[PDB]
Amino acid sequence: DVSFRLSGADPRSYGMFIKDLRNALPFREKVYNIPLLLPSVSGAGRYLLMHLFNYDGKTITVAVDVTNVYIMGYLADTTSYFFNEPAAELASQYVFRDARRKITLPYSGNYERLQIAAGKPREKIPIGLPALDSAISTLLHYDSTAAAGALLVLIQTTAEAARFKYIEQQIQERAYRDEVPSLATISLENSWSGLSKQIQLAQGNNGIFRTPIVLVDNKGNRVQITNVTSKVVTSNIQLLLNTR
C-alpha cells in the first residue's frame, strides 16, 4: 500500500508520496528509460490501495488499477464507492469486500462525465494540497455532485502527478494555495495515452513519432513533439500505458 498525510504535508512529503505511488506500479521493462506498465495483472494484485488522510486525520482508501493508474473506487468508513463502468465493477470483486454496503456512483470515471456531474470543467476547478484535503473530506460522506469535483481533484493530485513530473511539481507549487491547473497540466493529462503510444512506436522508427503530438509547454506555448529527445520524453513522463 502507499499513504499520504495532509497534516504536516510539505512539498517534500508530497513528493515522497508520488515516488511511493510510482514505485508500487509493477514493470518488467523500461522503454527509453521510462517504466512500461504491465499489459494485465490477474486477481487482487491488479489494485494498489492508497491511504489518504485529511488535515484532521480522517481517511479514505483509494483503489488504483496498476496497469493504467485508473482510480476504480474508494472506501470511506464502512461504505465502498465504485465508478459506474465495467472495470470498476470488476475491481469491486477484489477490494473493500468487507464494507457494509457498496454504492455505485452515478457516473463513470471519464473526465468528460465527471465534469458534467461536477457542473464545471477541470480548467475551472482549483487543485493543490488544500483542495486534496477538501476532496478527502467531501468523499467521507456520500454526495454524488460534490464527489464528482472531489474525484477530479483526487485524480489530478495522485494519478496524473504519478504520470508526469511536471504535474507533480505543479501540485508542489500549490502546497498551501490552490490554483486551476496550468494549460500544460490539462494538455499532458489529455495526451498520456498518445505519448505512451508514440514512445513505444518510436522503438522501430529510430526514436521518431509515427504521429507527432501537439502539447502546451510550461510557458503556455504550443510545442509539437516529434521524437524521444523531447524533454517531455527525457524528463517529464514517468510511466507508459502499455500499447496492449
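Sequential numbering from 1, following the sequence displayed. For clarity, a rigid core is taken as the largest C-alpha set superposing within 1.5 Å between two forms.
Larger root-mean-square CA separation from the shown form, computed after a rigid core fit of the structures in 5 other deposited structures of this protein, is seen for 212-220 when 212-220 is set against 195-203.
Core-fitted comparison in 5 other deposited structures of this protein shows that, between 221-229 and 19-27, the CA atoms farther from the shown form belong to 221-229.
For the segment pair 166-174 and 112-120, the entry gives 112-120 the higher mean B-factor, averaged over Cα atoms. Mean CA B-factor, 58-66 versus 207-215: the higher value falls on 207-215. Note on 50, 184, 44, 195: the highest value goes to 44, judged by CA B factor as recorded. Ranked within its chain, residue 90 lands in the highest third, by CA B factor from the PDB record.
Remark: residue 24 belongs to the middle third of its chain, ranked by C-alpha B-factor as recorded. For residue 15, the recorded CA temperature factor ranks within the lowest third of the chain's modelled residues. Residue 98: CA B factor in the highest third of modelled residues in this chain (values from the PDB entry).
For residue 201, the recorded CA temperature factor ranks within the highest third of the chain's modelled residues.
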